[PDB]
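Coordinate-derived values only; no laboratory data. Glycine gets a Cβ as well: all are built from the backbone with ideal geometry, and neighbour counts include every protein chain shown.
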Amino acid sequence: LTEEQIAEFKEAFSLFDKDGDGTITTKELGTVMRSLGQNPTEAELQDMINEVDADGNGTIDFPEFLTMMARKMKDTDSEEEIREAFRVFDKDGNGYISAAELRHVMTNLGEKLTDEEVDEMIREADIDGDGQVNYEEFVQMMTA
Amino acid sequence: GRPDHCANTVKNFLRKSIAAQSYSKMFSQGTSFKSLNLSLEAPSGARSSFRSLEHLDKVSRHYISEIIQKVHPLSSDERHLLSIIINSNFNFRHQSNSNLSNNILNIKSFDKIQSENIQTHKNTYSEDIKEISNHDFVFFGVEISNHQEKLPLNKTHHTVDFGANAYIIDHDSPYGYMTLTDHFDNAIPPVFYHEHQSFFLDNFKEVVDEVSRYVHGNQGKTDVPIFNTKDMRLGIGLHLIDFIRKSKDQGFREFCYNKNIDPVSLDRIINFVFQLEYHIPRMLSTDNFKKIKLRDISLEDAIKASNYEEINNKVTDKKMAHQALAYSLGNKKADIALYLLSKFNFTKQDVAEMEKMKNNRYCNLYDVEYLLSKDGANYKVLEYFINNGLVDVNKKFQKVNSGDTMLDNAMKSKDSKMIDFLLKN
Amino acid sequence: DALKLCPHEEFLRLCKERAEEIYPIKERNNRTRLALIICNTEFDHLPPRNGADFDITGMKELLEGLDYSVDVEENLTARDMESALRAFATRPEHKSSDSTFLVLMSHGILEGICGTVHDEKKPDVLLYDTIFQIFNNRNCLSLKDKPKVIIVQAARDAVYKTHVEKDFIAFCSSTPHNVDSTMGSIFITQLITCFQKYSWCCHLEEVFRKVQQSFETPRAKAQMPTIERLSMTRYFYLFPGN
């Protein structure tokens with residue numbers, strides 16, 4: 001949920017306050033965000049800049065930046081969401097998905113990808129070699 | 001909210017798991033990491049959790065903090081260059097002599113190729129595979145992309161030409177990692193080994209003797225910086241500005257601090273000061289790629305890369321097929337050799353003419369029977385040569401290890417299959 | 001082609017005027033010069049050595065251009081190397097010969113060269129002292145008072161010896177396992193070229209010195225080849241083409 005010692009954002013922020021003001025310019029927001037590996041769109045940038053004081057000429061302080069980064073970090077998909085996404089395709093309710101079922105899902109749904117890639121990720125889902133994929137167990141194993 | 005969205009989350013999760021396996025291998029089987037306090041425990045079960053990925057993010061944060069504290073106050077020109085590099089996208093280049101692309105480009109890692117061949121035994125592990133264990137990653141050189149010059153701007157990585165065919169992608173991988181040099185070799189060579197040395201020699205001065213320097217973290221030498229895909233650009237830019245501040249050549253400084261710096265110039269600078277290396281976990285298979293043939297390849301390089309297209313183009317006469325089969329046996333490419341043996345019908349007089357080949361390295365140095373018996377990989381072709389009566393089993397070598405027979409090479413390689421075959425025949 | 005030949009009249013003049021200062025040369029007619037190359041490329045418990053085939057071919061072609069008949073042995077254990085050197089020393093063609101070359105190429109330690117079945121827990125090494133013993137003036141009468149040149153490429157009381165180990169020279173390279181080219185070695189390549197362009201006018205040790213000068217660059221000074229166990233008392237002009 002909440003942030004913890006990810007206040008290292010400040011470091012990135014501090015690399016971009018020209019003055020000691022601790023204030024970055026609106027024009028730089030995207031840049032600083034890309035310094036943290038985030039790729040905001042122009043719509044998101046405008047929405048964030050309008051939330052921050054519009055009157056002030058390119059004045060964003062680190063409190064406002066951290067408040068925006070809080071939502072940006074809290075919008076990452078959770079473990080239970082991934083489990084629900086798995087359950088969407090197992091209407092059997094058994095807790096398992098056939099390897100061919102997942103293959104058909106990945107070939108004829110979602111973003112398109114090469115067949116060798118679907119083979120590799122089916123191998124990753126099919127641990128034992130059997131048609132079953134224990135999605136609950138697998139996602140719990142992956143989430144430490 | 002659509003079903004496509006859930007399938008997308010599923011496949012993103014599985015790609016994350018593949019990357020987690022790769023990074024767990026790297027961080028648990030890497031001996032150099034333990035000395036640097038960056039090592040990680042082995043996976044408890046059959047697979048590894050996302051803890052390898054969080055460990056990757058942690059070591060990336062560590063190196064970012066190390067380089068940020070080195071220069072916490074930033075000047076205007078420094079921050080302008082940092083913004084230029086933060087907003088610039090990369091092209092990633094993999095060079096090989098093999099044909100890795102048809103309608104789709106599929107590049108696999110070393111470990112994936114090993115697992116696919118399913119050879120029974122594991123040969124002695126090389127030092128790199130042991131010290132870094134990055135062998136489940138496809139490797140790439142890095143160039144700037146916002147240019148309209150010829151696509152392969154740089155053709156050498158660690159002054160090595162890894163192949164004539166250059167495959168270039170233009171998108172970052174979400175789970176790749178960047179190093180400022182090779183993950184094995186943390187040293188940049190002198191200027192006489194750099195490809196684009198002419199530009200820097202003509203226009204810049206003291207950087208020539210300043211550029212060849214170990215690029216390492218504050219822990220000391222052999223501390224190779226690791227950056228994840230999210231933090232790579234910042235780390236590159238900060239290490240670059242550290243080097244630029246250390247440099248005394250004002251011309252180089254104001255060239256790399258030109259507000260309207262040229263993208264190709266920036267690529268020249270980053271290929272000069274650093275030798276960036278990008279790693280994508282396990283495989284790389286996409287439809288968005290560019291293939292450039294930089295040069296023609298030799299028949300032997302083609303045999304080594306199993307490039308059947310160049311082989312068929314170059315091997316048209318039996319005199320050339322002699323060279324091809326010699327290079328196949330010498331380089332232990334048995335499948336290529338069997339392809340040649342089916343496409344061209346070889347007789348005993350052909351092997352006699354191969355024995356007289358002084359142009360070819362293997363056949364001028366070694367007896368053909370020696371070449372057949374050197375390694376177990378050639379068993380099949382050995383079988384072909386013996387069942388078809390092309391060579392006599394008891395023939396005594398006359399070139400290298402004279403007086404020995406093929407049984408002796410079999411006993412050296414300790415391959416019981418070859419020994420039984422030679423004994424019964 | 002690349003090997004420059006010494007003119008015959010110079011050969012006669014140098015043999016006549018400085019005979020007390022150079023090793024004598026047997027006539028090309030009825031001469032049986034022999035050279036041996038032992039090279040280990042594949043190891044059971046050690047990394048492989050690649051590009052060795054290029055060095056073998058180059059050394060073979062050079063020694064043959066110098067009119068030596070070359071025997072080449074590959075992938076031998078230490079005991080088999082010792083037996084091969086011992087057999088070569090009892091080769092009787094050396095009676096009709098005037099010199100010999102031994103090129104040994106493998107991984108090594110400070111005390112000797114490594115065999116194929118070598119491990120730190122059970123070592124398999126041929127000691128250099130063993131080599132110099134096998135060819136001394138007592139155990140190899142065919143090559144007594146004749147120059148004995150040992151080229152070594154490795155990777156990573158006793159006064160009796162000083163009386164019987166005569167007319168030896170060793171040129172040793174100790175470049176590490178991986179530093180370069182998979183299509184050769186810088187030491188073997190530099191040696192071959194210096195022989196090809198300086199053997200016609202300069203004696204063996206002058207050629208070795210020119211190799212060393214070629215290694216005098218700041219990036220190659222670390223892996224400079226060394227002249228060791230020099231038991232020579234005269235100069236060996238190889239007089240190529242004669």
Legend entry - Likely footprinting exposure, B:246, B:333, fewest C-beta neighbours within 10 Å first: B:246, B:333
Legend entry - Reference-scaled alpha-carbon Rg (2.2 N^0.38 Å with N residues) for the stretch C:72-121: 1.34
Legend entry - In the stretch B:80-177, the chymotrypsin sites (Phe, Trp or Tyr not before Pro) that fall in loop regions by DSSP, at most 15 other Cβ within 10 Å: B:125
Legend entry - Cβ neighbours within 10 Å from other chains - mean over A:103-113: 4
Inset, instruction - Could you size up the charge dipole of the stretch B:52-293 around its Cα centre, putting +1 on the beta carbon of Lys and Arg and -1 on that of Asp and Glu, and report it in debye to the nearest 20? - result: 220
Legend entry - Helical contribution to [θ] at 222 nm, DSSP H n ≥ 4, -39,500 (n - 2.57), averaged over chain B, rounded to 500: -13500 deg cm²/dmol
Legend entry - Two-decimal Rg to Rh for the stretch B:193-267 - Kirkwood Rh, Cα set: 0.97
Legend entry - Pairs of alpha carbons in chain B whose separation is greater than 38 Å (percent): 36
Legend entry - Neighbour-count order for B:222, B:229, fewest beta carbons within 10 angstrom listed first: B:222, B:229
Inset, instruction - Could you pull the Rg and Dmax for the stretch A:76-142, using just the Cα atoms, both in Å? - result: 11.6, 32
Legend entry - Ellipsoid equivalent to the stretch B:299-424 - semi-axes via the Cα gyration tensor, in Å: 23, 15, 13
Inset, instruction - Find the Cα radius of gyration of chain A, compare it with 2.2 N^0.38 Å by division, and give the number to two decimals. - result: 1.48
Inset, instruction - Any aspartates and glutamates with Cα under 14 Å of the residue B:319 Cα? List them, leaving off those in the same chain fewer than 8 positions away. - result: B:350, B:353, B:355
Inset, instruction - Evaluate the charge dipole of the stretch B:40-96 about its Cα centre and quote only its size in Debye, nearest 20, assuming +1 on the Cβ of each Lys and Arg and -1 on the Cβ of each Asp and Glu. - result: 160
Inset, instruction - Note the direction-averaged projected area, equal to a quarter of the hull surface, for the Cα convex hull of the protein assembly as shown, in nm². - result: 42.6
Legend entry - Spacing of the two label points (7 Å from each Cα toward its C-beta) at residue C:160 and residue C:177, in nm: 3.7
Legend entry - Span from the the stretch C:184-242 Cα centroid across to the the stretch B:388-406 one, whole angstrom: 37
Inset, instruction - Kindly provide the pair-distance distribution of the stretch B:124-217 built from C-alpha pairs, with 10 Å bins from 0 and whole-percent values in order of increasing distance. - result: 11, 37, 38, 12, 1
Inset, instruction - Among the GluC sites (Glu not before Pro) in the stretch A:73-144, which ones are in a DSSP loop with at most 12 other Cβ atoms within 10 Å of the Cβ? Mind listing them? - result: A:111
Legend entry - Net dipole in debye of the stretch A:2-75 [+1 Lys, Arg Cβ; -1 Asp, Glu Cβ; about Cα centre; nearest 20]: 240
Inset, instruction - Evaluate Rg over Rh across the stretch C:33-147, taking Cα atoms for both radii and Kirkwood's formula for Rh. - result: 0.98
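Just the number: Rg to Rh for the stretch B:62-196, Cα atoms, Kirkwood Rh, two decimals.
On the Cα set of the stretch B:62-196, Rg over Rh gives 1.00.
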Inset, instruction - Please give the calculated 222 nm ellipticity per residue for chain C, where each DSSP H segment of at least 4 residues contributes -39500 (n - 2.57) and the sum is spread over every residue; nearest 500 deg cm²/dmol? - result: -9000 deg cm²/dmol
Legend entry - Set A:112/B:304; A:112/B:150; A:112/B:16; B:16/B:58; B:70/B:248; B:356/B:396 screened for pairs whose C-alpha atoms are more than 27 Å apart: A:112/B:304; A:112/B:150
Inset, instruction - Please work out the Cα center distance from the stretch B:120-149 to the stretch C:43-97, rounded to the nearest Å. - result: 36
Legend entry - Separation between Cα centres of the stretch B:1-72 and the stretch A:13-61, rounded to whole Å: 29
Legend entry - Ranking of B:202, A:130, C:80 by count of other Cβ atoms within 10 Å, fewest first: B:202, A:130, C:80
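When the Kirkwood hydrodynamic radius is evaluated over all pairs of different C-alpha atoms of the stretch B:52-293, what value in angstrom, to one decimal, is obtained?
18.9
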Legend entry - Share of alpha-carbon pairs per 5 Å distance bin for the stretch C:8-228, given as whole %: 1, 6, 14, 18, 20, 18, 12, 7, 3, 1, 0, 0
